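J.: Structure in structure tokens, see below.
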Amino acid sequence: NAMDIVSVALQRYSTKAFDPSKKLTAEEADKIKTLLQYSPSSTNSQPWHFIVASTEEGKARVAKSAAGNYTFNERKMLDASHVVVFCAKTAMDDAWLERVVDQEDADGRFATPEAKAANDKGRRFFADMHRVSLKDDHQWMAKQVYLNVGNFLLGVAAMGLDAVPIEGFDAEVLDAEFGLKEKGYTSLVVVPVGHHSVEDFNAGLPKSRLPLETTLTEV
Amino acid sequence: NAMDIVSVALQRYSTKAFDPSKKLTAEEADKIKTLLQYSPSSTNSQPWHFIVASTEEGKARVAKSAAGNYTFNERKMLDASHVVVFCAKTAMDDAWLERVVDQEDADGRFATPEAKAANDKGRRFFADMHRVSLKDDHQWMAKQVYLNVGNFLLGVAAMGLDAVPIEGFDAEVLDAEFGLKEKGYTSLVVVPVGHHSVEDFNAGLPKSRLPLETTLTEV
Amino acid sequence: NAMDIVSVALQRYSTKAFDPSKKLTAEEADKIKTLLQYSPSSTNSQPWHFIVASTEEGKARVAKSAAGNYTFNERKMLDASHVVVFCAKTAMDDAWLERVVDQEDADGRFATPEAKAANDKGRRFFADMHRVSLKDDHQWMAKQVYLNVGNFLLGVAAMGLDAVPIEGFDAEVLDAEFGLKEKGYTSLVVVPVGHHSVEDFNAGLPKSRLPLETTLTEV
Amino acid sequence: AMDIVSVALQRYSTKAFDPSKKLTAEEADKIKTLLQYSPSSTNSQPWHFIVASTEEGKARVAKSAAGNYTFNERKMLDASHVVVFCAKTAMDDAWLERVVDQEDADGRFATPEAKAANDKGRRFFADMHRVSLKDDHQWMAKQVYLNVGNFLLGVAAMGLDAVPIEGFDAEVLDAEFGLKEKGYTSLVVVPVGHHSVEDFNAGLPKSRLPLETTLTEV
Amino acid sequence: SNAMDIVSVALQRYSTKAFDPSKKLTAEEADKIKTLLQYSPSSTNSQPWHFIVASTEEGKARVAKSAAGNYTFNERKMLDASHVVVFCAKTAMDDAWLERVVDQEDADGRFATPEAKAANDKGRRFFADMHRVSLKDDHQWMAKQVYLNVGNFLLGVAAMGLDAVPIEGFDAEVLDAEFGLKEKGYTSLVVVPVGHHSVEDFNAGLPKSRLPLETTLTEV
Amino acid sequence: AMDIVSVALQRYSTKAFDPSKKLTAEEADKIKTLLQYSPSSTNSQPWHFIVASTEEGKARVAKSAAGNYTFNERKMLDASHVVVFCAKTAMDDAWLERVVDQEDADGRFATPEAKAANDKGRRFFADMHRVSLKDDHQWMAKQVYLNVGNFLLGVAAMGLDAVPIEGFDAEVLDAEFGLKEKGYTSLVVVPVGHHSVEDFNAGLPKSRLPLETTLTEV
Amino acid sequence: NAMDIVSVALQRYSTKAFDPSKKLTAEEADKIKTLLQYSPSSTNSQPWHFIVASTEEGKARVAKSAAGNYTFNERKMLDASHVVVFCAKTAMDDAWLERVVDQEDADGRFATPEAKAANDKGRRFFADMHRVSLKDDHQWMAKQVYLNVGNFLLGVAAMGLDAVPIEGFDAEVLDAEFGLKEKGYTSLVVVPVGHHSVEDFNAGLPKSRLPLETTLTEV
Amino acid sequence: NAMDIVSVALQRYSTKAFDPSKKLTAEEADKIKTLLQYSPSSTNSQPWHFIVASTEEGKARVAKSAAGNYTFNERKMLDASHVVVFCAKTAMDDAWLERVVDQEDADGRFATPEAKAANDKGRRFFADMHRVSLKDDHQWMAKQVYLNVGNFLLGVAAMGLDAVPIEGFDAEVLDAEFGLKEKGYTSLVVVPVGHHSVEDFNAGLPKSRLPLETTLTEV
Ligand SMILES: [Cl-]
Ligand SMILES: [Cl-]
Ligand SMILES: [Cl-]
Ligand SMILES: [Cl-]
Ligand SMILES: [Cl-]
Ligand SMILES: [Cl-]
Ligand SMILES: [Cl-]
Ligand SMILES: [Cl-]
Ligand SMILES: [Cl-]
Ligand SMILES: [Cl-]
Ligand SMILES: [Cl-]
Ligand SMILES: [Cl-]
Ligand code: NA
Ligand code: NA
Ligand code: NA
Ligand code: NA
């Protein structure tokens, strides 16, 4: 019980081994989903999908993505209580842009149709800038997914849970395993969540970061 | 909020109108820098730099990146107490990889020479996959920065501060203003941090997100 | 008249006599009520009441206020088509403050209860400042009434109507005749509206104003 | 023929101004014309205006946006032109003589008696206020608000955005422009220009109490 | 200038129900109202009275404390008026006060001889003893003199263009305590806020009402 | 010229009246108006007045000046008009009704409810005296003195001379006019007229205790 | 009560207000009449008459003389116990001279016929000087009356009574009211006699007389 | 207080012969001066002067006025102890009117300048009425002198002294001998005072006065 978020930031770490017997409570499982849902994103475009594998059969399917050049990650994926796959939309399409603004409307953010149209115009200006002008909407959406991941990592830490972000996995394999390409998504980061085991000596190591003198300019 | 982080996630929003007379305390200024510094990143590569503008002359320089299409963002850059520019490295050089491992060593993460070397090899395994195999290191590093942004936005919300993530600025202009190109960095996101004014009306709107039924698959 | 309003400002004048046979159309009569209603006021507190006299009997009641020392204004009050009495609330009571914000809420200006509450709070702060700290709530509310008068005079001119503000009337008499003080109001300005009589030469006298060299400072 | 009612139904208080949108030279001349040609009791014109259009000028006015009112600073800096409305602090004889002489020079009086009669007629009213009621200061401040009401509807009709600000420190503002010594005090600040795409209020319906409450027809 | 039209003033004054706290008395009006309190006549010129004039915010607040309890409806009138007057009567007609009054009349030069002064004293003491010894009446007798003063005061301040209201609805015990009156030998009787009515006072515009002379007056 | 403090400082108790100087018909009406329009608690008006102006009249009043108050006879006889101030002996319901009904007839009540409330308001105070304190007799008496005070100042302001007399036999006066049965009792006699050149109190200076003693300022 | 006539002279004064309830005793009433009777006068000529009013009806008749300028003297005459009017004869007639000497003869003052006739002649010596030579008997008699008044004022003062000599009355009115002209008299001074009222102003004032250095010469 | 003054009135008589060996004591001589001084007079105007002869030379000067036709009075004037000449003013001058009121003021009879001024007005009224309206101010003043005489004769009788009022002298001679005319006085009555001689048989004669039936009307 605190408001001490910096203590959380200084105490969390990348979990290198989970205790396969320590599970998220029902409520914690609810919270982590809420964290995924409520992350911010450019223009609130929410260009993403999440898979939460919580069953042995589920994590097993996710785990298959580690099979080739990534076997050293398999254990982490199988031992954690919950395993989240962060996926990005493969394209930013009119239908999604409409869905977003229509949801904002249903949530009651526009007092007039003029306000709604101004919101929609603003969003579409940005999105067109990426798909049409810059042709970088793929990496634009991926960046939003990573923003979500940063949010999530701190969020689960604050809940007392352990996690580790994994980029080492065959995305082509994982995508196919869940039919993501057909559905319009591509997997980007996998985050197993649970509690560390006693074999995780990373839990007892000092945190390390480059000094502000290097990474920070005050102006 | 090292506990009830979900309430924080439900209560935060993008501020548009900052009160320019409500500064961060010296304690808070230090904490935000700590959040920047302690963000996770793939292999703890920390491929980033931050500019924190807190003086009027400093904020005005950042604000120049908001000319043209982004004039509406200028006020938030000017009136917020502190303005953070998130920058990514332009290329993952060997020297940066050496610097990260040497720092992990100074901080006491490796009880022996071989533990260090193992860590180094393991980091370069990933670095080379991006630098050599995929040729996507620029994007790879920019995603680390967004993870940082995500971590930051939640952190500052937990500290009771108001913020907004701004993509609406001219990165070219900003880079030139701070000589980032020659320094090896490029700006990606600007985040004004401070306290909202009584006129920041986004504070009176409910949050809107897509339902889980759409964005979440449980297995 | 939307657009060439300056010409309108330079055509209008303070009518000295009205043609008693020229009446506002039913449409014009609505317009003028809209003008009264939709005037701005500090915090939209709308601290006012209007009597619009349009019948022989109604006008004669208002004209009583012109019966002693102000008989030079009696004819304007009797011959004009519609005579409007502008009245200030005699106190900014809690009920009114509540009435105002409930109306804004009904009109859809508040997305959340937090928004309604913040608007209520802010308005109450200002009201209390005038009643309690400054003890100038009467002058404050009378000023909003005069703001309304200004808006009104220009407004009816743009409609092609003649009008004149009258301060030469007995407000004690006029109040008593309508029971204004017991209702929590008091009369401030009377404004006859209609069309000027052929005898009113002033309709084509040159406008006279102090030069800007005297009254305006540009910086 | 207007359509002035639509102007009244479409206008609102702009809270955020686009700092890059300026009045045209012609628009800027017209707002001064509006200020100047506003009505006032006996045409006493008991006022002074400051119009700030430079960044130095608006910054000076903006000092008054301090303490509880810092939230108003940004309006005053971003808007194209910021108008400060000021009332005279006392109705002096010299001003009453100035007005009537200006009317005379403008040819409002066919004869010397017309001038004299106008002068006495104004003094009848002036004296009610400064001798009998001793409220001349409040009386003049009211004329200034009349002007403000005139102005707000004027600029809306020109297609310009605005907002009337009472949340500023009049003492600071008066001192910054040395108004007390000059015989004036500031009352309302009206930033004028074009609203930002992010102006919240432009996205909100207007709200007024219904006529059933505020209007009595007889 | 014009003759004093006092009846005109009687016909215009009224009991003010709402005061404007922005409209203060002038400093000359302040001194004059105190002269009115002083120069009121009284039986035998016995001046059995004390006056509290509250002009400050702290001052009016102390007085307004008397309006708590069953008289909260009088509190606002006591806070909003420029000046508030508390009329108090003496608790006893003591020899000391009799002596004080007769000596003041001497110092003011009303007596040409000791024989004039002594007769004046004897006359006053007769009346006083009749009330305090014989009739057992003195408190009421003195209270009447204070009410006479109030009547003089109400008409007076009206003539000066001021608004006032006589208030009997207040807690005398409390008011006395607040000012340690019992000890000083006085008790509070009437409170009179003085100043100017606000536009909230609709009573200022109401016709005056009085029973017709045909009921209250016998000519003979 | 209306300066009422000047009146206060100039008025005094007249001991000797000029029997040849009468009030004008208009002054007689005016003093009646003063009696009538005096203020009183809740406007309860708990009083009756006898105005003796004939030789026969004043003499009937003068009878109350006997025994110890023989020196007051001449004042009552020599004055133009002699006012006897009387209080009700009891505040009865019928009088309370009469007052409120009169206020109603005079148009002081916008609604039947306003009238009812005025009634309750008065009875709130009446009952505090009638039922609780049991001091209504004295309460009304005090209203009469208020009237006396108002009257003394008024007639002085009219330029008339007067004196408040308590030195008379009230029982005798009451019996002479049948007051007890009518429901009243006499409290104060005030002769009104003009002083004779042998009214020497007119040559004495006024004397009051100093404010230093009688006034607390806060 | 021992005789101290100078005390009486120093204590007496003109009473202005009489107590109407204080009467002379029957004995005092005889005594004041004895005073009037036994006053000296030149040659014992006694050229006088006295009205003594003791009834309300009586004094009212005398008080009529106090009108116009002298109405202020009415209350004295009405309030006093006894009011005395001193009247002088209007001519010295032979019948009166005869009456006086016959009275002296009846009272036993003359031892011989010569004595009586000598006294008669001697009185006429003086009487004729006045009514024949100087032609001033009117004044001469009126002087005797004033002599009587001086005797009287001091006498009643010695009796413990208060009084005042009134010249302020209309003699013509008083004369007519009593049919004095026809009777051969005229009124000169009125002296109310009785007891002062507690409100007699003059009773509390010091006597004032000019100093002897001014009024007296010693040789 | 209640002294037996009537007895004095009934015992006094007009001395016909004085005992030249009997003198007033110094105290008696002070007293009679007081009697002269303290006499009342109309408006206290005190229109008089007194010469008191008590020496052989002084009495002889007064006695010159008895030469010629009045030698029958010579012995009284020479044999008495003190001889008082009563003189009236020849004119009531503003100067005297002023002296009187100023003396009343010095004696402290006036509480305020208002009182003094009224008294001075009242007196001047009366004075003017005599000197101007009636033209009888000589007689008016002479009457006051007689009043004084009457008061004196009873006064001195009460002191146990003998006296006699004398009119039979030559006032022209008496005036001349004391330069009275230039001083503004004229002599009116001479009153020798002392003790009668054994030879004055008149001391024991019955007193004679007309009956009240003739001289007094009671109403
Ligand atoms: Cl679950
Ligand atoms: Cl944010
Ligand atoms: Cl105009
Ligand atoms: Cl000018
Ligand atoms: Cl000027
Ligand atoms: Cl609105
Ligand atoms: Cl609004
Ligand atoms: Cl409506
Ligand atoms: Cl009395
Ligand atoms: Cl005869
Ligand atoms: Cl007289
Ligand atoms: Cl004789
Ligand atoms: Na500029
Ligand atoms: Na719009
Ligand atoms: Na009547
Ligand atoms: Na006769």
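Chain labels A, B, ... are given in the sequence in which chains occur in the structure tokens; within each chain residues are numbered consecutively from 1, and ligands are likewise numbered from 1 in the order shown.
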Return as a list in words the residues of protein, DNA or RNA that approach ligand 13 to within 7 Å, with only C-alpha atoms and all ligand atoms taken into account.
T.: residues 53, 54, 55 and 56 of chain D
J.: Name the residues, by chain letter and number, that sit within 7 Å of ligand 15 using only C-alpha atoms and all ligand atoms, and give them as a PyMOL selection string.
T.: chain E and resi 212-214
J.: Emit the selected residues as a short mmCIF file (atom, residue, chain, number, x, y, z; two decimals), in the first residue's frame, including C-alpha atoms.
T.:
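See part-v8.cif below for the written result:
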data_model
loop_
_atom_site.label_atom_id
_atom_site.label_comp_id
_atom_site.auth_asym_id
_atom_site.auth_seq_id
_atom_site.Cartn_x
_atom_site.Cartn_y
_atom_site.Cartn_z
CA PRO E 212 -56.28 55.65 11.74
CA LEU E 213 -56.37 58.58 14.17
CA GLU E 214 -60.04 57.81 14.63
#
J.: Kindly work out which residues sit at most 10 Å from ligand 14, using only C-alpha atoms and all ligand atoms, and give the list as a list in words.
T.: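 Final answer, ordered by chain and number: residues 114, 115 and 118 of chain A; 10, 11, 12, 195, 197, 199, 201, 202, 203 and 204 of chain D.
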J.: How would the residues just picked look written out with N, CA, C and O atoms as a compact mmCIF listing (two decimals), in the first residue's frame?
T.:
# COMPACT_ATOMS: atom_id res chain seq x y z
N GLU A 114 -20.42 17.81 -34.14
CA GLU A 114 -19.30 18.65 -34.54
C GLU A 114 -18.01 18.24 -33.80
O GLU A 114 -16.92 18.23 -34.39
N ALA A 115 -18.13 17.92 -32.52
CA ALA A 115 -16.96 17.53 -31.73
C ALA A 115 -16.42 16.19 -32.21
O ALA A 115 -15.20 15.99 -32.30
N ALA A 118 -14.67 16.46 -35.50
CA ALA A 118 -13.37 17.10 -35.29
C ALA A 118 -12.36 16.09 -34.74
O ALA A 118 -11.18 16.13 -35.08
N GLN D 10 -24.43 31.17 -32.52
CA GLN D 10 -23.20 30.49 -32.87
C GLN D 10 -21.98 30.95 -32.06
O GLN D 10 -21.01 30.21 -31.94
N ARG D 11 -22.01 32.16 -31.52
CA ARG D 11 -20.86 32.64 -30.77
C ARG D 11 -20.75 31.95 -29.41
O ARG D 11 -21.72 31.37 -28.91
N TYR D 12 -19.55 32.00 -28.83
CA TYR D 12 -19.26 31.39 -27.53
C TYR D 12 -17.90 31.95 -27.06
O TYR D 12 -17.21 32.62 -27.83
N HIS D 195 -10.02 30.65 -32.83
CA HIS D 195 -9.91 29.56 -31.87
C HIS D 195 -8.99 28.45 -32.39
O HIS D 195 -8.91 28.22 -33.59
N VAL D 197 -7.78 24.50 -32.91
CA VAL D 197 -8.51 23.26 -33.20
C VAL D 197 -8.83 22.51 -31.93
O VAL D 197 -9.69 21.66 -31.91
N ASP D 199 -9.86 23.99 -29.08
CA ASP D 199 -10.76 24.76 -28.22
C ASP D 199 -11.98 23.90 -27.81
O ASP D 199 -12.86 23.62 -28.60
N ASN D 201 -14.63 24.36 -25.85
CA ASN D 201 -15.93 25.02 -25.85
C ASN D 201 -16.59 25.10 -27.22
O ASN D 201 -17.82 25.15 -27.33
N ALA D 202 -15.79 25.12 -28.28
CA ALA D 202 -16.35 25.17 -29.63
C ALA D 202 -17.11 23.88 -29.90
O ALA D 202 -17.99 23.83 -30.76
N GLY D 203 -16.77 22.84 -29.14
CA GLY D 203 -17.42 21.55 -29.30
C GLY D 203 -18.61 21.35 -28.39
O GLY D 203 -19.13 20.24 -28.31
N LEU D 204 -19.04 22.40 -27.70
CA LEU D 204 -20.12 22.28 -26.71
C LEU D 204 -21.33 23.09 -27.12
O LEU D 204 -21.20 24.17 -27.69
J.: Residues of chain H near chain E: apply a cut-off of 7 Å, count only C-alpha atoms, and supply the list as a JSON list (two decimals) with N, CA, C and O atoms, in the first residue's frame.
T.:
[["chain", "number", "residue", "atom", "x", "y", "z"],
["H", 108, "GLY", "N", -23.83, 87.67, 38.61],
["H", 108, "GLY", "CA", -23.96, 86.28, 38.19],
["H", 108, "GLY", "C", -25.39, 85.82, 38.06],
["H", 108, "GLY", "O", -25.73, 84.71, 38.44],
["H", 109, "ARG", "N", -26.24, 86.69, 37.52],
["H", 109, "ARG", "CA", -27.65, 86.37, 37.37],
["H", 109, "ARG", "C", -27.93, 85.76, 36.00],
["H", 109, "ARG", "O", -29.03, 85.27, 35.74],
["H", 111, "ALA", "N", -26.86, 82.97, 33.17],
["H", 111, "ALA", "CA", -26.15, 81.73, 32.86],
["H", 111, "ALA", "C", -25.47, 81.78, 31.49],
["H", 111, "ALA", "O", -24.40, 81.20, 31.31]]
J.: Neighbours of residue 19 of chain G within 7 Å (only C-alpha atoms; same-chain residues fewer than 4 positions away dropped), as a VMD selection string?
T.: (chain F and resid 71) or (chain G and resid 79 to 80 195 to 197)
J.: Using N, CA, C and O atoms, can you write the selected residues to a file as a PDB file, in the first residue's frame?
T.:
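Contents of again19.pdb, as written:
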ATOM      1  N   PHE F  71     -47.053  72.315  40.716  1.00  0.00           N
ATOM      2  CA  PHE F  71     -46.223  73.167  39.868  1.00  0.00           C
ATOM      3  C   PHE F  71     -46.344  72.860  38.373  1.00  0.00           C
ATOM      4  O   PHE F  71     -45.878  73.648  37.541  1.00  0.00           O
TER       5      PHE F  71
ATOM      6  N   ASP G  79     -52.288  82.636  39.777  1.00  0.00           N
ATOM      7  CA  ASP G  79     -51.787  81.625  40.695  1.00  0.00           C
ATOM      8  C   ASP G  79     -51.652  82.126  42.106  1.00  0.00           C
ATOM      9  O   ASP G  79     -51.677  81.332  43.043  1.00  0.00           O
ATOM     10  N   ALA G  80     -51.478  83.432  42.277  1.00  0.00           N
ATOM     11  CA  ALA G  80     -51.174  83.949  43.606  1.00  0.00           C
ATOM     12  C   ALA G  80     -52.383  83.807  44.491  1.00  0.00           C
ATOM     13  O   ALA G  80     -53.503  83.681  44.009  1.00  0.00           O
ATOM     14  N   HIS G 195     -47.162  82.427  47.913  1.00  0.00           N
ATOM     15  CA  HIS G 195     -45.946  81.643  48.142  1.00  0.00           C
ATOM     16  C   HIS G 195     -45.384  81.148  46.826  1.00  0.00           C
ATOM     17  O   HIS G 195     -46.134  80.752  45.937  1.00  0.00           O
ATOM     18  N   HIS G 196     -44.067  81.203  46.683  1.00  0.00           N
ATOM     19  CA  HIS G 196     -43.449  80.821  45.428  1.00  0.00           C
ATOM     20  C   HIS G 196     -43.569  79.327  45.155  1.00  0.00           C
ATOM     21  O   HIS G 196     -43.675  78.513  46.076  1.00  0.00           O
ATOM     22  N   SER G 197     -43.585  78.998  43.869  1.00  0.00           N
ATOM     23  CA  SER G 197     -43.550  77.633  43.380  1.00  0.00           C
ATOM     24  C   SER G 197     -42.127  77.067  43.394  1.00  0.00           C
ATOM     25  O   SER G 197     -41.152  77.812  43.289  1.00  0.00           O
TER      26      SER G 197
END
J.: Show me which bits of chain G are within 7 Å of chain H, counting only C-alpha atoms, as a PyMOL selection string.
T.: chain G and resi 1-3+5-6+9-10+31+35+37-38+48-55+58+100+103-104+107-109+143+146-151+154-155+158-160+205-206+208-210+215-219
J.: Kindly export the residues of the current selection with C-alpha atoms, as a PDB file, in the first residue's frame.
T.:
ATOM      1  CA  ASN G   1     -39.581  85.496  65.498  1.00  0.00           C
ATOM      2  CA  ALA G   2     -37.043  88.309  66.157  1.00  0.00           C
ATOM      3  CA  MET G   3     -36.940  91.408  63.901  1.00  0.00           C
ATOM      4  CA  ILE G   5     -35.261  93.895  58.711  1.00  0.00           C
ATOM      5  CA  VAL G   6     -32.053  94.022  56.698  1.00  0.00           C
ATOM      6  CA  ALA G   9     -34.442  93.127  52.504  1.00  0.00           C
ATOM      7  CA  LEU G  10     -31.560  90.890  51.373  1.00  0.00           C
ATOM      8  CA  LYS G  31     -52.429  91.766  58.103  1.00  0.00           C
ATOM      9  CA  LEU G  35     -50.272  97.217  55.802  1.00  0.00           C
ATOM     10  CA  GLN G  37     -54.178 100.971  55.280  1.00  0.00           C
ATOM     11  CA  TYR G  38     -51.441 102.123  57.626  1.00  0.00           C
ATOM     12  CA  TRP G  48     -55.572 105.832  47.213  1.00  0.00           C
ATOM     13  CA  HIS G  49     -57.814 102.829  46.684  1.00  0.00           C
ATOM     14  CA  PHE G  50     -57.102  99.101  46.839  1.00  0.00           C
ATOM     15  CA  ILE G  51     -58.544  96.155  44.968  1.00  0.00           C
ATOM     16  CA  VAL G  52     -57.720  92.960  46.809  1.00  0.00           C
ATOM     17  CA  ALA G  53     -58.537  89.883  44.723  1.00  0.00           C
ATOM     18  CA  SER G  54     -58.579  86.526  46.499  1.00  0.00           C
ATOM     19  CA  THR G  55     -61.205  84.541  44.540  1.00  0.00           C
ATOM     20  CA  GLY G  58     -61.710  88.107  41.299  1.00  0.00           C
ATOM     21  CA  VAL G 100     -59.092 112.920  56.027  1.00  0.00           C
ATOM     22  CA  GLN G 103     -61.173 111.073  60.311  1.00  0.00           C
ATOM     23  CA  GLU G 104     -58.125 112.337  62.219  1.00  0.00           C
ATOM     24  CA  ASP G 107     -59.452 109.276  65.945  1.00  0.00           C
ATOM     25  CA  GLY G 108     -58.664 111.752  68.714  1.00  0.00           C
ATOM     26  CA  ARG G 109     -55.637 113.451  67.202  1.00  0.00           C
ATOM     27  CA  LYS G 143     -46.139 109.060  44.237  1.00  0.00           C
ATOM     28  CA  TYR G 146     -45.732 104.045  45.156  1.00  0.00           C
ATOM     29  CA  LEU G 147     -44.640 104.909  48.684  1.00  0.00           C
ATOM     30  CA  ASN G 148     -47.401 102.613  49.844  1.00  0.00           C
ATOM     31  CA  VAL G 149     -46.091  99.896  47.487  1.00  0.00           C
ATOM     32  CA  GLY G 150     -42.556 100.147  48.949  1.00  0.00           C
ATOM     33  CA  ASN G 151     -43.908  99.872  52.457  1.00  0.00           C
ATOM     34  CA  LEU G 154     -41.081  95.015  52.483  1.00  0.00           C
ATOM     35  CA  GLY G 155     -43.942  94.338  54.849  1.00  0.00           C
ATOM     36  CA  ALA G 158     -41.301  90.369  56.584  1.00  0.00           C
ATOM     37  CA  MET G 159     -44.430  88.261  57.014  1.00  0.00           C
ATOM     38  CA  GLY G 160     -42.668  85.453  55.161  1.00  0.00           C
ATOM     39  CA  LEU G 205     -30.596  83.787  41.585  1.00  0.00           C
ATOM     40  CA  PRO G 206     -28.407  86.260  43.543  1.00  0.00           C
ATOM     41  CA  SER G 208     -28.050  92.380  42.139  1.00  0.00           C
ATOM     42  CA  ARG G 209     -27.764  96.057  43.145  1.00  0.00           C
ATOM     43  CA  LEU G 210     -25.364  98.825  42.048  1.00  0.00           C
ATOM     44  CA  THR G 215     -25.417 105.539  44.307  1.00  0.00           C
ATOM     45  CA  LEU G 216     -24.616 107.099  47.679  1.00  0.00           C
ATOM     46  CA  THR G 217     -22.894 110.331  48.708  1.00  0.00           C
ATOM     47  CA  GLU G 218     -21.924 110.824  52.365  1.00  0.00           C
ATOM     48  CA  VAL G 219     -21.501 114.279  53.960  1.00  0.00           C
TER      49      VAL G 219
END
J.: Out of segment 16-194 of chain H, which residues get strand (DSSP E or B) from DSSP, as a list in words?
T.: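 DSSP-assigned strand (DSSP E or B) residues in segment 16-194 of chain H: residues 18, 48, 49, 50, 51, 52, 53, 82, 83, 84, 85, 86, 87, 88, 89, 162, 163, 166, 185, 186, 187, 188, 189, 190, 191, 192, 193 and 194 of chain H.
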